[PDB]
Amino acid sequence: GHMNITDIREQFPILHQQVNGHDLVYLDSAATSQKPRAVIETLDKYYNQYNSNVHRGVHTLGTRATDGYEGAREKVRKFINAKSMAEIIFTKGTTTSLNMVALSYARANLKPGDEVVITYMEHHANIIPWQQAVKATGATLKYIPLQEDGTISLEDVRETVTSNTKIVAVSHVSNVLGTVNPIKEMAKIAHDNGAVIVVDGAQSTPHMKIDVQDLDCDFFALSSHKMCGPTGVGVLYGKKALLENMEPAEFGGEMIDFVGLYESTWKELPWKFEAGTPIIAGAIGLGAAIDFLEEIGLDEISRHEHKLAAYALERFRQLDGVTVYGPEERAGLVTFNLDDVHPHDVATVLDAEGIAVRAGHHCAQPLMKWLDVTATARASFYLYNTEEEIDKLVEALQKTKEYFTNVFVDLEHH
């Protein structure tokens, strides 16, 4: 207990407003995170003082912009404990990162008979690129089954991954179930069968320490907007030996060395994978978000979210007619459904109380079908959320159930 939630919330201006006459209760951070003043003011200082194109060699502002951009790259490398800045590629988000792996690695290393292994809980960003890659290569897509509590057993991984598996793609933390998957053990299993492992870390990176050397993941993808950083920015980490043999996914300026009429050569890593003017301000702001989270401490944030999750699970179990999906040990989110109430109505009623949650399939339709549901509601937490906000959520859920129950009993007597 070191982080002061009041002092933390003070730095997020967007939290201090009312919606529909109620204080805002933002419980949708798995959709996107809010930003502290440090990040916004970093963007401000960039645009006010030293914006210029990068990879300079000349004027002063351009040198400052380049120093900021590449310094943000080093901040990311340190943040996820990569060995080298050559392994840190700035992208526009997790989805693009995974698509780059699918185009530049998968489509070049898949033949008929090869297998791509994923799971039923994957976000669409970690499903559709593999569907398209196996369709383009004639390979086979396989799914690791889930336990009844929404977890993955290592025996099922060993059964699904075979000597024909070349890629295992798996989420670090599920944006729906809250499950934290055994990424390190799955990486060992994939390597034992001759496969690489691609980790979707969009939901893990904001909330827990990432050590790619301890995870031994071959690729790791993350999104800035979920971790207090600017929108439109993400990272692809890849083992350097793998990135060296992969061809670029995009072509143009900045990523070339020599350009002839018909043939060209590429720059060294990481710039080989960064075509065109890069996301300068967004990457610098992501570096600022990393500084912010590191000063608070990712372990502290994870402990705070563990307490929030345990509190929320207990208080949800106090509600009648509410079903929660996923395991007991979980990240900081709760996906649920009210008996006989569609989750979109739940979320509308909650917004009328100032509470922001998300209703729908959460970009995980195969998981919804596995859960035997059409849609769900989800309240997700971050470092600025409190137990009082969870109390407001559970009270609003009780009031929602009562309201729908007795308008039903009112006009069934009509």
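Don't overthink the numbering: it's just position in the shown sequence, from 1. Here the rigid core means the biggest group of C-alpha atoms that line up within 1.5 Å when the two forms are laid on top of each other.
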Quick note, superposing on core in 9 other deposited structures of this protein and taking C-alpha RMS, the more shifted stretch of 346-354 and 41-49 is 41-49
The stretch carrying the higher mean Cα B factor in the deposited entry, 223-231 or 133-141, is 133-141
Higher avg CA temperature factor (184-192 vs 273-281, as deposited) belongs to 184-192
In this crystal structure's PDB entry, the residue among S84, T95, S163, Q203 with the greatest CA B factor is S163
Max C-alpha B-factor within the set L154, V198, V212, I127 falls on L154
By the entry's values, the third containing the CA B factor of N109 is the highest
Assert third(CA B-factor, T91) within chain per record equals lowest
Sorting the chain's modelled residues by C-alpha B-factor and splitting them into thirds places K35 in the lowest
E388: C-alpha B-factor third of its chain, per the entry, is the highest
By the entry's values, the third containing the CA B factor of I14 is the lowest
